[PDB]
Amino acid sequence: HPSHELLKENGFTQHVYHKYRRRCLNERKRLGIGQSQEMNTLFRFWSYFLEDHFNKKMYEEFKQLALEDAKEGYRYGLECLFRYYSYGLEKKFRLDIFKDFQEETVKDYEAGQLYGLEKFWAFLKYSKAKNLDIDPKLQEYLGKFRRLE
């Protein structure tokens, strides 16, 4: 499957990604939100590829579609996103992606979820990055979560 072939070292091509990307989006557009298994393989592919091959275009599309699915109750996309955040920022830290991470974590917790908040807590726990400027709201929620975890 392309989602596993494009992850191989030096095994990526826009020729293959264009085809793979279109089948996924079409099946999604055709079968509907959270109905395309091929679209879930694309969420997964983005979660790993963007770690060592960050592309702004891919990332903005990854985040947009993940939030769409999540707004209707399908969370695998948003789960893949928080995974890319938690592990991707641990390998290569980017301030602009770190702020997106905080924004989406706040949104996830305010929607009654804890998956995102655990992944952000996990990031602070393993990256050991100190003097991180954390949004005041997210500090309060992390406090509630440390009491939980």
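The first residue of the shown sequence is 1; numbering continues from there.
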Read off the CA B-factors in the entry, average them over 64 to 72 and over 31 to 39, and name the higher stretch. 31 to 39
Once you work out the mean C-alpha B-factor for both 77 to 85 and 22 to 30 from the entry, which is higher? 22 to 30
Record-listed C-alpha B factor of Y141: chain third: lowest
When the deposited Cα B-factors of this chain's modelled residues are ordered and cut into thirds, is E110 in the lowest, the middle or the highest one? lowest
For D100, the third of its chain by CA B-factor is the lowest
